[PDB]
$ cat upload_10.pdb   # PDB, C-alpha atoms and all ligand atoms
ATOM      1  CA  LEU A   2     107.257 111.664  98.567  1.00  0.00           C
ATOM      2  CA  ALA A   3     104.075 110.861 100.520  1.00  0.00           C
ATOM      3  CA  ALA A   4     102.049 110.931  97.266  1.00  0.00           C
ATOM      4  CA  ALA A   5     104.547 108.620  95.544  1.00  0.00           C
ATOM      5  CA  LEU A   6     103.683 106.001  98.167  1.00  0.00           C
ATOM      6  CA  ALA A   7      99.994 106.877  98.513  1.00  0.00           C
ATOM      7  CA  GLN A   8      99.286 105.893  94.905  1.00  0.00           C
ATOM      8  CA  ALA A   9      99.340 102.285  96.216  1.00  0.00           C
ATOM      9  CA  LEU A  10      95.999 103.154  97.915  1.00  0.00           C
TER      10      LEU A  10
HETATM   11  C1  LIG F 101     105.906 113.114  97.110  1.00  0.00           C
HETATM   12  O1  LIG F 101     105.337 112.134  96.674  1.00  0.00           O
HETATM   13  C2  LIG F 101     105.466 114.524  96.720  1.00  0.00           C
HETATM   14  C3  LIG F 101     104.813 114.580  95.510  1.00  0.00           C
HETATM   15  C4  LIG F 101     104.342 115.800  95.053  1.00  0.00           C
HETATM   16  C5  LIG F 101     104.545 116.892  95.819  1.00  0.00           C
HETATM   17  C6  LIG F 101     103.955 118.180  95.310  1.00  0.00           C
HETATM   18  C7  LIG F 101     104.068 119.275  96.111  1.00  0.00           C
HETATM   19  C8  LIG F 101     103.494 120.447  95.671  1.00  0.00           C
HETATM   20  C9  LIG F 101     102.814 120.465  94.489  1.00  0.00           C
HETATM   21  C10 LIG F 101     102.182 121.785  94.030  1.00  0.00           C
HETATM   22  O2  LIG F 101     101.472 121.905  93.100  1.00  0.00           O
HETATM   23  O3  LIG F 101     102.484 122.831  94.913  1.00  0.00           O
HETATM   24  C11 LIG F 101     101.906 124.078  94.525  1.00  0.00           C
HETATM   25  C12 LIG F 101     102.486 125.101  95.514  1.00  0.00           C
HETATM   26  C13 LIG F 101     102.714 119.327  93.733  1.00  0.00           C
HETATM   27  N1  LIG F 101     103.276 118.219  94.178  1.00  0.00           N
HETATM   28  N2  LIG F 101     105.171 116.835  97.000  1.00  0.00           N
HETATM   29  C14 LIG F 101     105.650 115.665  97.477  1.00  0.00           C
HETATM   30  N1  LIG F 102      95.554 104.477  95.901  1.00  0.00           N
HETATM   31  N2  LIG F 102      94.854 105.452  95.219  1.00  0.00           N
HETATM   32  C1  LIG F 102      93.694 105.116  94.484  1.00  0.00           C
HETATM   33  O1  LIG F 102      93.258 104.009  94.409  1.00  0.00           O
HETATM   34  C2  LIG F 102      93.086 106.305  93.773  1.00  0.00           C
HETATM   35  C3  LIG F 102      92.535 106.117  92.525  1.00  0.00           C
HETATM   36  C4  LIG F 102      91.978 107.170  91.855  1.00  0.00           C
HETATM   37  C5  LIG F 102      91.955 108.399  92.462  1.00  0.00           C
HETATM   38  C6  LIG F 102      91.350 109.536  91.706  1.00  0.00           C
HETATM   39  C7  LIG F 102      91.406 110.774  92.289  1.00  0.00           C
HETATM   40  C8  LIG F 102      90.869 111.836  91.618  1.00  0.00           C
HETATM   41  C9  LIG F 102      90.303 111.635  90.384  1.00  0.00           C
HETATM   42  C10 LIG F 102      89.760 112.867  89.674  1.00  0.00           C
HETATM   43  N3  LIG F 102      89.286 112.678  88.354  1.00  0.00           N
HETATM   44  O2  LIG F 102      89.784 113.946  90.181  1.00  0.00           O
HETATM   45  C11 LIG F 102      90.251 110.361  89.842  1.00  0.00           C
HETATM   46  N4  LIG F 102      90.791 109.337  90.519  1.00  0.00           N
HETATM   47  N5  LIG F 102      92.500 108.579  93.666  1.00  0.00           N
HETATM   48  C12 LIG F 102      93.059 107.572  94.337  1.00  0.00           C
HETATM   49  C1  LIG F 103      99.385 110.198  93.779  1.00  0.00           C
HETATM   50  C2  LIG F 103     100.017 110.529  92.439  1.00  0.00           C
HETATM   51  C3  LIG F 103      99.589 111.600  91.658  1.00  0.00           C
HETATM   52  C4  LIG F 103     100.215 111.844  90.442  1.00  0.00           C
HETATM   53  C5  LIG F 103     101.262 111.034  90.023  1.00  0.00           C
HETATM   54  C6  LIG F 103     101.678 109.974  90.816  1.00  0.00           C
HETATM   55  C7  LIG F 103     102.817 109.057  90.380  1.00  0.00           C
HETATM   56  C8  LIG F 103     101.054 109.727  92.020  1.00  0.00           C
HETATM   57  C1  LIG F 104      97.639 116.413  93.332  1.00  0.00           C
HETATM   58  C2  LIG F 104      97.607 117.727  92.554  1.00  0.00           C
HETATM   59  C3  LIG F 104      96.406 118.382  92.346  1.00  0.00           C
HETATM   60  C4  LIG F 104      96.371 119.573  91.640  1.00  0.00           C
HETATM   61  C5  LIG F 104      97.538 120.113  91.157  1.00  0.00           C
HETATM   62  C6  LIG F 104      98.733 119.457  91.355  1.00  0.00           C
HETATM   63  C7  LIG F 104     100.004 120.054  90.787  1.00  0.00           C
HETATM   64  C8  LIG F 104      98.778 118.263  92.052  1.00  0.00           C
HETATM   65  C1  LIG F 105      99.763 105.894 103.398  1.00  0.00           C
HETATM   66  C2  LIG F 105      99.546 107.388 103.216  1.00  0.00           C
HETATM   67  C3  LIG F 105     100.429 108.291 103.774  1.00  0.00           C
HETATM   68  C4  LIG F 105     100.212 109.645 103.618  1.00  0.00           C
HETATM   69  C5  LIG F 105      99.114 110.105 102.932  1.00  0.00           C
HETATM   70  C6  LIG F 105      98.235 109.201 102.365  1.00  0.00           C
HETATM   71  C7  LIG F 105      97.034 109.715 101.592  1.00  0.00           C
HETATM   72  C8  LIG F 105      98.440 107.844 102.519  1.00  0.00           C
HETATM   73  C1  LIG F 106     103.587  97.572 105.048  1.00  0.00           C
HETATM   74  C2  LIG F 106     103.173  98.422 103.861  1.00  0.00           C
HETATM   75  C3  LIG F 106     103.327  97.923 102.585  1.00  0.00           C
HETATM   76  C4  LIG F 106     102.947  98.684 101.492  1.00  0.00           C
HETATM   77  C5  LIG F 106     102.407  99.943 101.688  1.00  0.00           C
HETATM   78  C6  LIG F 106     102.238 100.444 102.967  1.00  0.00           C
HETATM   79  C7  LIG F 106     101.628 101.831 103.165  1.00  0.00           C
HETATM   80  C8  LIG F 106     102.617  99.679 104.055  1.00  0.00           C
HETATM   81  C1  LIG F 107      91.704  96.629  99.243  1.00  0.00           C
HETATM   82  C2  LIG F 107      92.666  97.256 100.248  1.00  0.00           C
HETATM   83  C3  LIG F 107      93.822  96.595 100.624  1.00  0.00           C
HETATM   84  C4  LIG F 107      94.677  97.174 101.539  1.00  0.00           C
HETATM   85  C5  LIG F 107      94.390  98.418 102.092  1.00  0.00           C
HETATM   86  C6  LIG F 107      93.226  99.074 101.720  1.00  0.00           C
HETATM   87  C7  LIG F 107      92.868 100.435 102.311  1.00  0.00           C
HETATM   88  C8  LIG F 107      92.363  98.488 100.819  1.00  0.00           C
END
$ encode --input "upload_10.pdb" --output "structure tokens"
Amino acid sequence: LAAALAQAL
């Protein structure tokens, strides 16, 4: 889940 968001950065 964290990675799914972190792609934004
Ligand atoms: C949420 O974005 C997210 C994405 C990917 C993963 C995840 C956990 C573990 C592996 C892995 O290769 O584990 C080897 C033990 C890959 N991806 N978790 C949360
Ligand atoms: N928000 N994330 C990024 O902007 C981001 C872009 C690219 C990469 C990345 C990581 C690792 C490789 C590699 N070839 O091992 C390439 N690009 N990370 C984050
Ligand atoms: C951070 C990241 C790695 C692999 C695939 C996705 C969608 C995101
Ligand atoms: C982010 C990442 C690196 C290496 C291997 C996996 C499955 C995921
Ligand atoms: C915004 C964010 C949360 C967790 C992990 C990373 C790399 C970024
Ligand atoms: C407020 C906000 C928007 C997009 C992405 C993040 C990590 C935060
Ligand atoms: C270019 C940029 C916008 C927002 C957040 C970061 C870390 C960089």
$ residues_near_ligand --input "upload_10.pdb" --ligand "ligand LIG 103 (chain F)" --cutoff "8 Å" --atoms "only C-alpha atoms and all ligand atoms" --output "list in words"
residues 4, 5, 6, 7 and 8 of chain A
$ axis_aligned_box --input "upload_10.pdb" --around "ligand LIG 107 (chain F)" --padding-each-side "5 Å" --output "lines of an AutoDock Vina configuration file"
center_x = 93.2
center_y = 98.5
center_z = 100.8
size_x = 13.0
size_y = 13.8
size_z = 13.1
$ atom_distance --input "upload_10.pdb" --atom1 "CA of residue 9 in chain A" --atom2 "atom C12 of ligand LIG 101 (chain F)"
23.0 Å
$ atom_distance --input "upload_10.pdb" --atom1 "atom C8 of ligand LIG 101 (chain F)" --atom2 "CA of residue 10 in chain A"
19.0 Å
$ atom_distance --input "upload_10.pdb" --atom1 "atom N1 of ligand LIG 101 (chain F)" --atom2 "CA of residue 3 in chain A"
9.7 Å
$ build_atoms --input "upload_10.pdb" --residues "chain A" --atoms "N, CA, C and O atoms" --output "compact mmCIF listing (two decimals), keeping the file's coordinate frame"
# COMPACT_ATOMS: atom_id res chain seq x y z
N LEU A 2 106.89 112.99 98.13
CA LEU A 2 107.26 111.66 98.57
C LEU A 2 106.04 110.89 99.09
O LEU A 2 105.81 109.73 98.72
N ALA A 3 105.25 111.52 99.96
CA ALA A 3 104.08 110.86 100.52
C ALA A 3 103.15 110.38 99.37
O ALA A 3 102.64 109.25 99.36
N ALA A 4 102.92 111.26 98.40
CA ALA A 4 102.05 110.93 97.27
C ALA A 4 102.58 109.74 96.47
O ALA A 4 101.80 108.91 95.99
N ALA A 5 103.90 109.68 96.29
CA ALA A 5 104.55 108.62 95.54
C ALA A 5 104.20 107.25 96.14
O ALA A 5 104.01 106.26 95.42
N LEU A 6 104.12 107.21 97.46
CA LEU A 6 103.68 106.00 98.17
C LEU A 6 102.17 105.83 98.07
O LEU A 6 101.68 104.73 97.79
N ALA A 7 101.44 106.90 98.35
CA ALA A 7 99.99 106.88 98.51
C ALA A 7 99.26 106.36 97.27
O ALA A 7 98.13 105.91 97.35
N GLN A 8 99.91 106.44 96.11
CA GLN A 8 99.29 105.89 94.90
C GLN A 8 98.91 104.41 95.09
O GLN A 8 97.96 103.96 94.45
N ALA A 9 99.66 103.67 95.91
CA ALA A 9 99.34 102.28 96.22
C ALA A 9 97.88 102.10 96.69
O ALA A 9 97.29 101.03 96.55
N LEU A 10 97.35 103.15 97.34
CA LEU A 10 96.00 103.15 97.92
C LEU A 10 95.06 104.06 97.16
O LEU A 10 93.98 104.44 97.61
